[PDB]
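The next block holds one structure in the form of structure tokens; read it before the comments.
Protein chains get the first letters and strands the later ones, always in sequence-line order, with residue 1 at the start of each.
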Amino acid sequence: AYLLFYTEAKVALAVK
Amino acid sequence: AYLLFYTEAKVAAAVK
Amino acid sequence: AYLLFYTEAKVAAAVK
Amino acid sequence: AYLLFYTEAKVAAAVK
Amino acid sequence: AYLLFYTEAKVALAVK
Amino acid sequence: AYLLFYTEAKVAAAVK
Amino acid sequence: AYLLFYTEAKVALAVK
Amino acid sequence: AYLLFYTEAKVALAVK
Amino acid sequence: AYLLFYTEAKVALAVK
Amino acid sequence: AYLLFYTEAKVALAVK
Amino acid sequence: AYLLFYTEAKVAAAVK
Amino acid sequence: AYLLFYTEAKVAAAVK
Ligand SMILES: [Cl-]
Ligand SMILES: [Cl-]
Ligand SMILES: [Cl-]
Ligand SMILES: [Cl-]
Ligand SMILES: [Cl-]
Ligand SMILES: [Cl-]
Ligand SMILES: [Cl-]
Ligand SMILES: [Cl-]
Ligand SMILES: [Cl-]
């Protein structure tokens with residue numbers, strides 16, 4: 001799975 | 001300091 | 001899903 | 001210390 | 001949106 | 001879009 | 001300046 | 001190409 | 001604590 | 001060694 | 001030093 | 001592909 005930084009505000013590490 | 005993210009929607013960043 | 005960090009204090013992680 | 005990844009499948013993380 | 005490092009060369013942060 | 005960094009005297013960011 | 005991820009809980013990008 | 005952290009376990013910087 | 005990528009090879013995310 | 005993003009403008013990955 | 005990206009077509013990296 | 005690092009300290013990179 002990819003480890004993708006993400007934000008909608010906080011930044012989070014999404015796991016895809 | 002830290003980079004923050006915000007919306008105006010478009011995502012934009014700032015530093016504090 | 002999202003990688004979460006929480007305080008166990010030492011940092012700990014989960015994925016939801 | 002460092003974050004490590006493992007599977008239970010879903011990816012999960014730990015700290016060591 | 002995703003925050004994805006990218007290169008075509010410089011590295012850049014793409015906002016997707 | 002691209003996250004840009006520029007000299008504002010400290011670093012500042014914009015997204016295009 | 002360095003761009004260092006950190007956490008105390010949210011992740012954030014420190015600007016040092 | 002994207003520079004995406006990735007894990008199947010080790011993390012690596014994937015070049016896509 | 002800082003989240004710092006490092007390598008000794010693939011990478012690891014140090015928690016300092 | 002540490003892999004640390006930085007910026008003075010471009011982002012770059014420093015090797016320390 | 002810093003990692004730099006270049007084309008060979010694949011993206012490749014070097015250190016300076 | 002993966003960005004890989006080599007070192008016994010100076011660091012060299014490669015894409016596999
Ligand atoms: Cl996968
Ligand atoms: Cl500071
Ligand atoms: Cl430690
Ligand atoms: Cl599955
Ligand atoms: Cl989105
Ligand atoms: Cl917090
Ligand atoms: Cl701390
Ligand atoms: Cl591939
Ligand atoms: Cl190759």
Go through the steps for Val11(G) and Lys10(A) under the test side chain to side chain contact (heavy atoms under 4.5 Å, CB included), then give the verdict. CA-CA 7 Å; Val11(G) 196; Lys10(A) 71 159 193 167; over 6 Å; no
Could you report the tightest heavy-atom contact between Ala14(C) and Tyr6(C), atom names first, then the distance? N-CE2, 4.0 Å
Ignoring hydrogens, what is the shortest heavy-atom contact between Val15(L) and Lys10(K)? Give both atom names and the distance. O-NZ, 2.9 Å
Give me the atom names and distance for the closest heavy-atom approach of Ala1(C) to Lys16(A). N-CD, 4.5 Å
Under a single-linkage definition using a 4.5 Å side-chain heavy-atom cutoff for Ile, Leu, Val, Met, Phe, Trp and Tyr, are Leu4(K) and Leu4(J) assigned to the same hydrophobic cluster? yes
Heavy-atom closest contact (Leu13(G) atom, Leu3(G) atom, distance): CD1-C, 3.6 Å
Can you confirm if the aromatic rings of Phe5(A) and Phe5(G) lie within a centre distance of less than 6.0 Å? yes
Here the pair of heavy atoms bringing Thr7(H) nearest to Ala9(H) is OG1-O, 3.7 Å
Is the number of heavy atoms from other residues, nucleotides or ligands within 6.0 Å of CD (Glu8(E)) greater than 12? no
In short, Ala14(G) meets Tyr2(I) closest at the heavy-atom pair CB-CE2, 4.1 Å
